[PDB]
file model_11.cif (mmCIF, C-alpha atoms and all ligand atoms; chains and numbers go by the auth columns)
data_query
loop_
_atom_site.group_PDB
_atom_site.id
_atom_site.type_symbol
_atom_site.label_atom_id
_atom_site.label_comp_id
_atom_site.label_asym_id
_atom_site.label_seq_id
_atom_site.Cartn_x
_atom_site.Cartn_y
_atom_site.Cartn_z
_atom_site.B_iso_or_equiv
_atom_site.auth_seq_id
_atom_site.auth_asym_id
ATOM 1 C CA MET A 1 11.142 7.488 8.251 0.00 1 A
ATOM 2 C CA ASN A 2 9.046 8.374 5.219 0.00 2 A
ATOM 3 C CA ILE A 3 6.475 6.696 2.938 0.00 3 A
ATOM 4 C CA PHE A 4 9.161 5.034 0.786 0.00 4 A
ATOM 5 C CA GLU A 5 10.990 3.480 3.694 0.00 5 A
ATOM 6 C CA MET A 6 7.719 2.532 5.308 0.00 6 A
ATOM 7 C CA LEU A 7 6.418 0.638 2.248 0.00 7 A
ATOM 8 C CA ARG A 8 9.851 -0.889 1.607 0.00 8 A
ATOM 9 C CA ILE A 9 9.482 -2.440 5.065 0.00 9 A
ATOM 10 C CA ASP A 10 5.939 -3.676 4.568 0.00 10 A
ATOM 11 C CA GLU A 11 6.402 -5.088 1.119 0.00 11 A
ATOM 12 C CA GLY A 12 10.053 -6.189 0.921 0.00 12 A
ATOM 13 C CA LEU A 13 12.039 -6.373 -2.319 0.00 13 A
ATOM 14 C CA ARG A 14 12.114 -9.362 -4.690 0.00 14 A
ATOM 15 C CA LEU A 15 13.855 -9.298 -7.993 0.00 15 A
ATOM 16 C CA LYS A 16 12.158 -12.462 -9.407 0.00 16 A
ATOM 17 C CA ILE A 17 8.354 -12.895 -10.062 0.00 17 A
ATOM 18 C CA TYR A 18 6.720 -14.129 -6.841 0.00 18 A
ATOM 19 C CA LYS A 19 3.287 -14.669 -5.522 0.00 19 A
ATOM 20 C CA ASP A 20 1.860 -12.204 -3.062 0.00 20 A
ATOM 21 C CA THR A 21 -0.162 -12.919 0.080 0.00 21 A
ATOM 22 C CA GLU A 22 -3.354 -13.317 -2.093 0.00 22 A
ATOM 23 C CA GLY A 23 -1.587 -15.595 -4.518 0.00 23 A
ATOM 24 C CA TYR A 24 -0.986 -13.025 -7.273 0.00 24 A
ATOM 25 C CA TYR A 25 2.044 -12.612 -9.453 0.00 25 A
ATOM 26 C CA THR A 26 4.118 -9.616 -8.212 0.00 26 A
ATOM 27 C CA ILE A 27 7.737 -8.398 -8.583 0.00 27 A
ATOM 28 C CA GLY A 28 9.975 -5.697 -6.906 0.00 28 A
ATOM 29 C CA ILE A 29 8.447 -3.694 -4.087 0.00 29 A
ATOM 30 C CA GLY A 30 4.923 -4.999 -4.058 0.00 30 A
ATOM 31 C CA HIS A 31 4.308 -4.187 -7.683 0.00 31 A
ATOM 32 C CA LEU A 32 1.180 -6.267 -8.653 0.00 32 A
ATOM 33 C CA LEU A 33 1.644 -7.685 -12.190 0.00 33 A
ATOM 34 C CA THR A 34 -1.604 -9.573 -12.832 0.00 34 A
ATOM 35 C CA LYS A 35 -4.414 -11.352 -11.036 0.00 35 A
ATOM 36 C CA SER A 36 -4.314 -14.040 -13.693 0.00 36 A
ATOM 37 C CA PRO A 37 -3.025 -17.481 -12.723 0.00 37 A
ATOM 38 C CA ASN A 38 -0.900 -17.784 -15.854 0.00 38 A
ATOM 39 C CA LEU A 39 2.868 -17.168 -15.397 0.00 39 A
ATOM 40 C CA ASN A 40 3.052 -16.180 -18.982 0.00 40 A
ATOM 41 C CA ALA A 41 0.480 -13.452 -18.633 0.00 41 A
ATOM 42 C CA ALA A 42 2.808 -12.276 -15.760 0.00 42 A
ATOM 43 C CA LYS A 43 5.986 -12.270 -17.832 0.00 43 A
ATOM 44 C CA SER A 44 4.225 -10.388 -20.550 0.00 44 A
ATOM 45 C CA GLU A 45 2.952 -7.655 -18.171 0.00 45 A
ATOM 46 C CA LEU A 46 6.452 -7.527 -16.719 0.00 46 A
ATOM 47 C CA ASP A 47 8.177 -6.927 -20.040 0.00 47 A
ATOM 48 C CA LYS A 48 5.498 -4.287 -20.937 0.00 48 A
ATOM 49 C CA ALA A 49 6.172 -2.612 -17.592 0.00 49 A
ATOM 50 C CA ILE A 50 10.010 -2.522 -18.022 0.00 50 A
ATOM 51 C CA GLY A 51 10.363 -1.983 -21.750 0.00 51 A
ATOM 52 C CA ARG A 52 12.599 -5.061 -22.250 0.00 52 A
ATOM 53 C CA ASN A 53 12.540 -8.842 -22.389 0.00 53 A
ATOM 54 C CA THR A 54 13.128 -9.683 -18.871 0.00 54 A
ATOM 55 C CA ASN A 55 12.529 -13.359 -18.657 0.00 55 A
ATOM 56 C CA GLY A 56 10.911 -12.681 -15.144 0.00 56 A
ATOM 57 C CA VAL A 57 13.955 -11.096 -13.631 0.00 57 A
ATOM 58 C CA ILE A 58 14.640 -7.356 -13.062 0.00 58 A
ATOM 59 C CA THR A 59 17.454 -5.308 -11.432 0.00 59 A
ATOM 60 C CA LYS A 60 17.249 -3.237 -8.231 0.00 60 A
ATOM 61 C CA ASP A 61 17.055 0.002 -10.214 0.00 61 A
ATOM 62 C CA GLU A 62 14.150 -1.351 -12.289 0.00 62 A
ATOM 63 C CA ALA A 63 12.394 -2.336 -9.061 0.00 63 A
ATOM 64 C CA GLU A 64 12.966 1.107 -7.662 0.00 64 A
ATOM 65 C CA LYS A 65 11.729 2.746 -10.720 0.00 65 A
ATOM 66 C CA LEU A 66 8.417 0.781 -10.535 0.00 66 A
ATOM 67 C CA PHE A 67 8.237 1.648 -6.853 0.00 67 A
ATOM 68 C CA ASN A 68 8.615 5.385 -7.587 0.00 68 A
ATOM 69 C CA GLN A 69 5.750 5.232 -10.127 0.00 69 A
ATOM 70 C CA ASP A 70 3.520 3.287 -7.850 0.00 70 A
ATOM 71 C CA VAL A 71 3.899 5.644 -4.843 0.00 71 A
ATOM 72 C CA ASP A 72 3.297 8.605 -7.184 0.00 72 A
ATOM 73 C CA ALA A 73 0.201 6.955 -8.686 0.00 73 A
ATOM 74 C CA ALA A 74 -1.105 6.165 -5.120 0.00 74 A
ATOM 75 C CA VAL A 75 -0.863 9.847 -4.013 0.00 75 A
ATOM 76 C CA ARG A 76 -2.489 11.061 -7.279 0.00 76 A
ATOM 77 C CA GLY A 77 -5.260 8.509 -6.981 0.00 77 A
ATOM 78 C CA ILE A 78 -5.964 9.823 -3.452 0.00 78 A
ATOM 79 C CA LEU A 79 -5.988 13.411 -4.690 0.00 79 A
ATOM 80 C CA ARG A 80 -8.428 12.637 -7.459 0.00 80 A
ATOM 81 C CA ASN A 81 -10.760 10.634 -5.359 0.00 81 A
ATOM 82 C CA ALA A 82 -13.694 12.555 -3.938 0.00 82 A
ATOM 83 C CA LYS A 83 -13.917 10.341 -0.876 0.00 83 A
ATOM 84 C CA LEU A 84 -10.284 10.171 -0.094 0.00 84 A
ATOM 85 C CA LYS A 85 -9.051 13.623 -0.778 0.00 85 A
ATOM 86 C CA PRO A 86 -10.846 15.315 2.111 0.00 86 A
ATOM 87 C CA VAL A 87 -9.475 12.728 4.462 0.00 87 A
ATOM 88 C CA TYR A 88 -5.935 13.158 3.312 0.00 88 A
ATOM 89 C CA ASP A 89 -6.288 16.941 3.443 0.00 89 A
ATOM 90 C CA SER A 90 -7.361 16.758 7.001 0.00 90 A
ATOM 91 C CA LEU A 91 -4.437 14.639 8.217 0.00 91 A
ATOM 92 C CA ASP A 92 -0.975 15.376 9.586 0.00 92 A
ATOM 93 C CA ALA A 93 2.135 14.193 7.656 0.00 93 A
ATOM 94 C CA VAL A 94 2.576 10.857 9.380 0.00 94 A
ATOM 95 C CA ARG A 95 -1.037 9.807 9.188 0.00 95 A
ATOM 96 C CA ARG A 96 -1.021 10.784 5.525 0.00 96 A
ATOM 97 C CA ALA A 97 1.710 8.154 5.048 0.00 97 A
ATOM 98 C CA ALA A 98 -0.624 5.564 6.698 0.00 98 A
ATOM 99 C CA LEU A 99 -3.420 6.298 4.154 0.00 99 A
ATOM 100 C CA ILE A 100 -1.069 6.127 1.232 0.00 100 A
ATOM 101 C CA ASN A 101 0.134 2.743 2.523 0.00 101 A
ATOM 102 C CA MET A 102 -3.470 1.354 2.571 0.00 102 A
ATOM 103 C CA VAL A 103 -4.073 2.713 -0.929 0.00 103 A
ATOM 104 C CA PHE A 104 -0.893 1.153 -2.353 0.00 104 A
ATOM 105 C CA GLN A 105 -1.900 -2.185 -0.845 0.00 105 A
ATOM 106 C CA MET A 106 -5.496 -2.254 -1.620 0.00 106 A
ATOM 107 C CA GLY A 107 -6.219 0.313 -4.219 0.00 107 A
ATOM 108 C CA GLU A 108 -8.359 3.419 -4.041 0.00 108 A
ATOM 109 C CA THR A 109 -11.529 1.647 -4.481 0.00 109 A
ATOM 110 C CA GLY A 110 -10.912 -0.694 -1.572 0.00 110 A
ATOM 111 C CA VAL A 111 -9.927 2.074 0.811 0.00 111 A
ATOM 112 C CA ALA A 112 -12.736 4.349 -0.293 0.00 112 A
ATOM 113 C CA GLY A 113 -14.977 1.520 0.862 0.00 113 A
ATOM 114 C CA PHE A 114 -13.897 2.006 4.489 0.00 114 A
ATOM 115 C CA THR A 115 -16.597 4.614 4.950 0.00 115 A
ATOM 116 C CA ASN A 116 -16.971 4.569 8.658 0.00 116 A
ATOM 117 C CA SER A 117 -13.187 4.535 9.499 0.00 117 A
ATOM 118 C CA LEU A 118 -12.681 7.363 7.022 0.00 118 A
ATOM 119 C CA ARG A 119 -15.243 9.454 8.811 0.00 119 A
ATOM 120 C CA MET A 120 -13.652 8.654 12.109 0.00 120 A
ATOM 121 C CA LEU A 121 -10.234 9.653 10.829 0.00 121 A
ATOM 122 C CA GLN A 122 -11.533 12.974 9.496 0.00 122 A
ATOM 123 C CA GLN A 123 -13.024 13.703 12.863 0.00 123 A
ATOM 124 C CA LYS A 124 -9.756 12.799 14.539 0.00 124 A
ATOM 125 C CA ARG A 125 -11.271 10.101 16.787 0.00 125 A
ATOM 126 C CA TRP A 126 -8.077 8.015 16.692 0.00 126 A
ATOM 127 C CA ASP A 127 -8.922 5.349 19.105 0.00 127 A
ATOM 128 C CA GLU A 128 -12.299 4.777 17.566 0.00 128 A
ATOM 129 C CA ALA A 129 -10.969 4.629 14.066 0.00 129 A
ATOM 130 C CA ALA A 130 -8.317 2.067 15.084 0.00 130 A
ATOM 131 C CA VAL A 131 -10.964 -0.215 16.558 0.00 131 A
ATOM 132 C CA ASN A 132 -13.170 0.010 13.393 0.00 132 A
ATOM 133 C CA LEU A 133 -10.289 -0.465 10.965 0.00 133 A
ATOM 134 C CA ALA A 134 -9.513 -3.799 12.745 0.00 134 A
ATOM 135 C CA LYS A 135 -12.980 -5.161 11.787 0.00 135 A
ATOM 136 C CA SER A 136 -11.959 -5.892 8.264 0.00 136 A
ATOM 137 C CA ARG A 137 -10.895 -8.783 6.059 0.00 137 A
ATOM 138 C CA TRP A 138 -7.644 -6.680 5.598 0.00 138 A
ATOM 139 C CA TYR A 139 -6.703 -6.933 9.271 0.00 139 A
ATOM 140 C CA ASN A 140 -7.674 -10.634 9.420 0.00 140 A
ATOM 141 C CA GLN A 141 -5.637 -11.540 6.367 0.00 141 A
ATOM 142 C CA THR A 142 -2.414 -9.488 7.045 0.00 142 A
ATOM 143 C CA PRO A 143 -2.627 -8.819 10.767 0.00 143 A
ATOM 144 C CA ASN A 144 1.013 -7.750 11.362 0.00 144 A
ATOM 145 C CA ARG A 145 1.110 -5.199 8.583 0.00 145 A
ATOM 146 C CA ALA A 146 -2.441 -3.990 9.457 0.00 146 A
ATOM 147 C CA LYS A 147 -1.445 -3.466 13.185 0.00 147 A
ATOM 148 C CA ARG A 148 1.520 -1.372 12.124 0.00 148 A
ATOM 149 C CA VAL A 149 -0.628 0.941 9.902 0.00 149 A
ATOM 150 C CA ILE A 150 -3.353 1.147 12.503 0.00 150 A
ATOM 151 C CA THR A 151 -0.893 2.114 15.224 0.00 151 A
ATOM 152 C CA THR A 152 0.420 4.755 12.909 0.00 152 A
ATOM 153 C CA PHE A 153 -3.145 6.186 12.584 0.00 153 A
ATOM 154 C CA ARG A 154 -3.759 5.916 16.368 0.00 154 A
ATOM 155 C CA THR A 155 -0.551 7.594 17.427 0.00 155 A
ATOM 156 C CA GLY A 156 0.579 9.830 14.643 0.00 156 A
ATOM 157 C CA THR A 157 4.176 8.576 15.170 0.00 157 A
ATOM 158 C CA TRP A 158 6.390 6.061 13.412 0.00 158 A
ATOM 159 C CA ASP A 159 6.804 3.918 16.470 0.00 159 A
ATOM 160 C CA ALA A 160 5.528 0.664 14.912 0.00 160 A
ATOM 161 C CA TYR A 161 8.145 1.018 12.307 0.00 161 A
ATOM 162 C CA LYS A 162 11.037 1.640 14.621 0.00 162 A
HETATM 163 CL CL CL B . 3.231 -0.203 -15.010 0.00 201 A
HETATM 164 CL CL CL B . 0.967 -9.373 7.981 0.00 202 A
#

call {"tool": "encode", "arguments": {"input": "model_11.cif", "output": "structure tokens"}}
result
Amino acid sequence: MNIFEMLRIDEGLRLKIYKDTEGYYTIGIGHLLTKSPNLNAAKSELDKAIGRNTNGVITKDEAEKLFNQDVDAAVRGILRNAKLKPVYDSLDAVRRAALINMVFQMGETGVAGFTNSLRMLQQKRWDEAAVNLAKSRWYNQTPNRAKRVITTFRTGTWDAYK
């Protein structure tokens, strides 16, 4: 298991514009297109993203290409963030995957806001971090995906994904 397979599981793959759990226009492997309610603002962002007139539909390769950029951007955002970088540096390889997953889902800003959990992770208090992470809108809104990521942080194994 690796970060790509992990996120492919959490996000799925859709080749036609769809609405995410929050109601936003997305395509591929969790690639957010726009927060705007207008399908046309979505198609426009899509075509801009792909470099062709897609009429809201893309191929598997196009989806994978977006996915590659997005994982890469997630890592780089972590590395450039003063609050996140130290956490990531302190973690083992599996737990690093767990942080990247939160960032991809909620952006750097969101994650960086989990001050207390972050501190617990850095200190390696796994059980305590897992309890604090669960006290979040995130967990309440997407409980199954949240439990999987949290177990990953608690255990340092890929069990929740196997
Ligand atoms: Cl893009
Ligand atoms: Cl869920």

call {"tool": "closest_residue", "arguments": {"input": "model_11.cif", "among": "A:148, A:19, A:35, A:83", "to": "residue 97 in chain A", "atoms": "only C-alpha atoms"}}
result
A:148

call {"tool": "residues_near_point", "arguments": {"input": "model_11.cif", "point": "(-12.0, 12.9, 0.3)", "cutoff": "12 Å", "atoms": "all atoms listed in the file", "output": "list in words"}}
result
residues 77, 78, 79, 80, 81, 82, 83, 84, 85, 86, 87, 88, 89, 90, 91, 99, 108, 111, 112, 113, 114, 115, 118, 119, 121 and 122 of chain A

call {"tool": "resolve_selection", "arguments": {"input": "model_11.cif", "expression": "the PyMOL selection byres (((chain A and resi 49-60) around 9) and not hetatm)", "output": "ChimeraX atom specification"}}
result
/A:13-17,27-28,33,42-48,61-66

call {"tool": "residues_near_ligand", "arguments": {"input": "model_11.cif", "ligand": "ligand CL 202 (chain A)", "cutoff": "7 Å", "atoms": "all atoms listed in the file", "output": "PyMOL selection string"}}
result
chain A and resi 142-146

call {"tool": "closest_residue", "arguments": {"input": "model_11.cif", "among": "A:103, A:98, A:75, A:29", "to": "residue 151 in chain A", "atoms": "all atoms listed in the file"}}
result
A:98

call {"tool": "residues_around", "arguments": {"input": "model_11.cif", "residues": "range 126-130 of chain A", "least_positions_apart": "4", "cutoff": "10 Å", "atoms": "all atoms listed in the file", "output": "PDB file with C-alpha atoms, in the frame of the given file"}}
result
ATOM      1  CA  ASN A 116     -16.971   4.569   8.658  1.00  0.00           C
ATOM      2  CA  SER A 117     -13.187   4.535   9.499  1.00  0.00           C
ATOM      3  CA  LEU A 118     -12.681   7.363   7.022  1.00  0.00           C
ATOM      4  CA  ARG A 119     -15.243   9.454   8.811  1.00  0.00           C
ATOM      5  CA  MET A 120     -13.652   8.654  12.109  1.00  0.00           C
ATOM      6  CA  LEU A 121     -10.234   9.653  10.829  1.00  0.00           C
ATOM      7  CA  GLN A 122     -11.533  12.974   9.496  1.00  0.00           C
ATOM      8  CA  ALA A 134      -9.513  -3.799  12.745  1.00  0.00           C
ATOM      9  CA  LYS A 135     -12.980  -5.161  11.787  1.00  0.00           C
ATOM     10  CA  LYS A 147      -1.445  -3.466  13.185  1.00  0.00           C
ATOM     11  CA  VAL A 149      -0.628   0.941   9.902  1.00  0.00           C
ATOM     12  CA  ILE A 150      -3.353   1.147  12.503  1.00  0.00           C
ATOM     13  CA  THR A 151      -0.893   2.114  15.224  1.00  0.00           C
ATOM     14  CA  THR A 152       0.420   4.755  12.909  1.00  0.00           C
ATOM     15  CA  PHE A 153      -3.145   6.186  12.584  1.00  0.00           C
ATOM     16  CA  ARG A 154      -3.759   5.916  16.368  1.00  0.00           C
ATOM     17  CA  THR A 155      -0.551   7.594  17.427  1.00  0.00           C
ATOM     18  CA  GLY A 156       0.579   9.830  14.643  1.00  0.00           C
TER      19      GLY A 156
END

call {"tool": "closest_residue", "arguments": {"input": "model_11.cif", "among": "A:101, A:26, A:93, A:110", "to": "residue 10 in chain A", "atoms": "all atoms listed in the file"}}
result
A:101

call {"tool": "closest_residue", "arguments": {"input": "model_11.cif", "among": "A:102, A:95, A:6, A:74", "to": "residue 139 in chain A", "atoms": "only C-alpha atoms"}}
result
A:102

call {"tool": "axis_aligned_box", "arguments": {"input": "model_11.cif", "around": "range 82-94 of chain A", "padding_each_side": "3 Å", "output": "lines of an AutoDock Vina configuration file"}}
result
center_x = -5.7
center_y = 13.6
center_z = 2.8
size_x = 22.5
size_y = 12.8
size_z = 19.5

call {"tool": "closest_residue", "arguments": {"input": "model_11.cif", "among": "A:132, A:21, A:69, A:36", "to": "ligand CL 201 (chain A)", "atoms": "all atoms listed in the file"}}
result
A:69

call {"tool": "closest_residue", "arguments": {"input": "model_11.cif", "among": "A:94, A:123, A:71, A:40", "to": "residue 1 in chain A", "atoms": "all atoms listed in the file"}}
result
A:94

call {"tool": "atom_distance", "arguments": {"input": "model_11.cif", "atom1": "CA of residue 9 in chain A", "atom2": "CA of residue 161 in chain A"}}
result
8.1 Å

call {"tool": "atom_distance", "arguments": {"input": "model_11.cif", "atom1": "CA of residue 25 in chain A", "atom2": "CA of residue 76 in chain A"}}
result
24.2 Å

call {"tool": "atom_distance", "arguments": {"input": "model_11.cif", "atom1": "CA of residue 20 in chain A", "atom2": "CA of residue 73 in chain A"}}
result
20.0 Å
